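Here are two versions of the same chain, shown separately as structure tokens and labelled structure 1 and structure 2.
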Structure 1
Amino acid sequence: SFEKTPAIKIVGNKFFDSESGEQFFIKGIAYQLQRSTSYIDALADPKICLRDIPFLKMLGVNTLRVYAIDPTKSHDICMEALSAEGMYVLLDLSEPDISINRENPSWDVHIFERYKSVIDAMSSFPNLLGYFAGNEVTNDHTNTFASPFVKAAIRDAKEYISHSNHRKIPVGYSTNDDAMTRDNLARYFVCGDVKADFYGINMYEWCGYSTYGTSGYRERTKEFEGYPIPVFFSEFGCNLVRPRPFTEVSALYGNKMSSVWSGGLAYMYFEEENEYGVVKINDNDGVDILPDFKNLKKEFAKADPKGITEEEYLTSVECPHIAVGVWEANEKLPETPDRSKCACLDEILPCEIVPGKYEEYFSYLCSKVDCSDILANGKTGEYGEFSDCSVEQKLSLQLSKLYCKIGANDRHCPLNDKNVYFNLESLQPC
């Protein structure tokens, strides 16, 4: 049974419970373990999730943000246990080792396959609230050209979900709070022909015993009035002053903010020595409640957002202009990564490379052949024909071009490295 968690849907700039029609406000907490797979999936481990859910119930949350799941594992036990306490999940599609790289952005078959795997693993659950297609990818004025890759990812995740048999779980974005870029980012993700379904801000402006006016919350709220998609704090909980009073929660669910924002999620459940936890897991794997816990609990308990209903509510935007060093996200987006096309390279290329060396060998190979066909430029909106293939496929293409330009036809690939091999399938006459 998922009785206690009806699916949430979006109408205009609000979330609604699909059965009752009541507006849905997120009262959440970030729930993610990390090592000190590379990531840890607490929702794949019943002994972990079933330990913590009673503590999450005490806090009074209705939503978790989860940053990374292992899509090869079952999540039925934990998702049903969450559902039984009225709890929903916001889930990032990426993981630290398979994310859009803000320093060298790409939207390719490897990242898209990750996104699809997560979608296929998690979309059966009615309490899956939504997916994030990225988290703080662009984070300042030096990497705004990453954002077209994120928008392509939003488009392609939505299309994959649309073409699947799954419920149409919304796909949004989570952004940081950099003064120079925030307004342009907010506009960019709702501009043109591809839009985020919702928009989370990682919002740390309220520290200690601040106020609506002095924190910045009043000006954030004014700039987001009339924003066309649901907006919430995908993270909050500045820890400058401890124990965190979480008095921002009273402002967030109050009358000035509840008509604009769809709530938010505290960062975070586990204490992991960034001093952001509300509990701490001891050496015996037991839960020790920290002094922040009771303040978050008290504030969420008091919070009573006056929303609207779906029926009464029911009665393109220009992309920011390009300016060098300020905003360099082209409106033109990279193409949908094509697994078949890129898989053809594995079949037909004479010289292949199995997955420091990428830098050296792209630099070597791209001095000898023209690598434009694998370059992707989010500033200029120029995306090479094979720029959507995996890093190894791209490198293999360039190696093979060099092999064909030499024209020896002797099965000797022109790069001495153990990962290089002649592909015998290339001989069988994409």
Structure 2
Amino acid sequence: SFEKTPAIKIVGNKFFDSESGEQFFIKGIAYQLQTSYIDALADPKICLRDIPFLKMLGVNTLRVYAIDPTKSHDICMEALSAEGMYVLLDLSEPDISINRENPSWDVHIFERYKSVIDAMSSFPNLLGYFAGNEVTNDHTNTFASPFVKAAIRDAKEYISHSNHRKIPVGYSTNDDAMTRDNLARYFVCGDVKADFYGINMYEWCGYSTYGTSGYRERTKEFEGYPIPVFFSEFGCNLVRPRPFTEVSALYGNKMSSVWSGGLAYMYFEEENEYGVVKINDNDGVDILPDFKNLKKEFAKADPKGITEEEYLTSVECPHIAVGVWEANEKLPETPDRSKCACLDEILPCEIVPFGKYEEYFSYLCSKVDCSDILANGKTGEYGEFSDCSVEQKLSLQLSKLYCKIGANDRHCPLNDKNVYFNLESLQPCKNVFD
């Protein structure tokens, strides 16, 4: 039973408890142990150790960056519900993410997102999904953001055309001044919109103020923004112990009318000095001085919200400007698993997954036309097979060189142990093919 955590819903630019009608404010902390990620919410001994410490801290929300969808989460998710706690969840993992330097929206990443959605959507205390975290981070990689918008669209589509509660799908961004307005506008522009928007906000350092930190200016620029907005991370570590005086500002009357709260970064201490606890060699919890300051600030924080009943009584995309903003409004298409699966059956020359990609793409794309696998977020040109996996794309180009050479001897023209002749290509899915 999840009675202590009714589903939160979005109306306009605010969160609301769907059963009480009261506005929901996030008082959170990031909770991530550093598969090749660790999924503490799949390990009862870890989460049941930490939840009593989370309870003392006074949080109602965790941010989790990676779960293993092949594992069960009901024990930890029920234990969290018992203490009134919700989860914001990233859909990616470290090795399956939109790469900001070479962005793609493809079958491999989309399948990861779906699996996470399938693993976690039955939990009423799943607050929301992040389709991206700081993908575009400065003016040289804004062309990554159309790939993220496509991911939001396709994630929302897949949630929509399914049996699940319509869990909102949003985005988490950094705080680079040259890109931040454009990013905010881009994610609510056109036909595809994020459902909510978190900022990783570290502008308030030590004993700062509302007027000197930048918080006032941020608050004024997000006032009237059409979707819920909050601090997906906060807790600058200039001075230590961290005072967390930003918490008083965040949940004060001025900021609580714009921001839906925030999540401190983070629970575990991990060589970066951001923890509120340290895990000892016994695997027990040692409370750090930060914990008490955060605890005391969250306890004082009493945001003045509005009831849903009371609250009840598309925008232009940024222009393209070279060097500054280069995110095309035209998005890549929904990746097609069945179409890309056909390459595995028909292609003469295949390569098993691996530095070598960049090397082997440079090589093959000098000998054959690679337009069919390129994805360009600046111009909105996406090749026919640009949604396929990193290996299928490479296999296609190698197979193209093989046929162009014409030898027809089953010698694939690239010397590498991962290259092999595909015997399935001699057999008679879809003749739609190339």
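Only the largest set of C-alpha atoms that superpose within 1.5 Å between the two forms is called the rigid core. Throughout, residue numbering runs from 1 along the sequence of structure 1.
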item: Core-aligned CA displacement of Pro414 at least 2 Å between structure 1 and structure 2; value: yes
item: Core superposition between structure 1 and structure 2, C-alpha change of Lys405 at least 2 Å; value: yes
item: Once the two forms are fitted on their core, CA shift of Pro350 between structure 1 and structure 2 in Å; value: 2.1
item: Value in Å for the CA shift of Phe362 between structure 1 and structure 2, taken after the core is superposed; value: 1.6
item: Shift in Å of the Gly216 Cα between structure 1 and structure 2 [rigid core superposition]; value: 0.4
